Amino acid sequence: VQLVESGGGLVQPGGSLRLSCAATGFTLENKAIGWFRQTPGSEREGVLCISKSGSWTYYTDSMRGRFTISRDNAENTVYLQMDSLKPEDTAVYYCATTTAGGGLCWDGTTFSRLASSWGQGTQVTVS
């Protein structure tokens, strides 16, 4: 079982990107998927999580309206849309899911430490 990311890229400020988190081997409909960003030499930080029941938990307190999240069950994929991109958004982005924690988003530190599957990471650069 694995989580596969894509949709990264490099755009000017003001652009937008949509990241995807695709599951092979299991159905995301019953799980919570959380997104995190990291730059080398700094700790991961939560962005946004969608629970099994579909609630959105914002780990970040910055620019909440720019980040949106959706689940496509037909494709077994979760999407993170990022609008109005700024240079400070440049980072590697990861999705993650937990088997423990039972479909809840928790908070950012808890979810990241509990996570049992990680995406491979995708580069987002705003220049």
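Counting begins at 1, following the sequence as shown.
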Stretch with the greater mean C-alpha B-factor as recorded in the entry, comparing 19 to 27 against 107 to 115: 19 to 27
Higher-scoring stretch by recorded Cα B factor average, 96 to 104 or 78 to 86: 96 to 104
C-alpha B-factor winner, where the candidates are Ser51, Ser62, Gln38, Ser70: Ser62
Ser127, C-alpha B-factor rank within chain (lowest, middle or highest third): highest
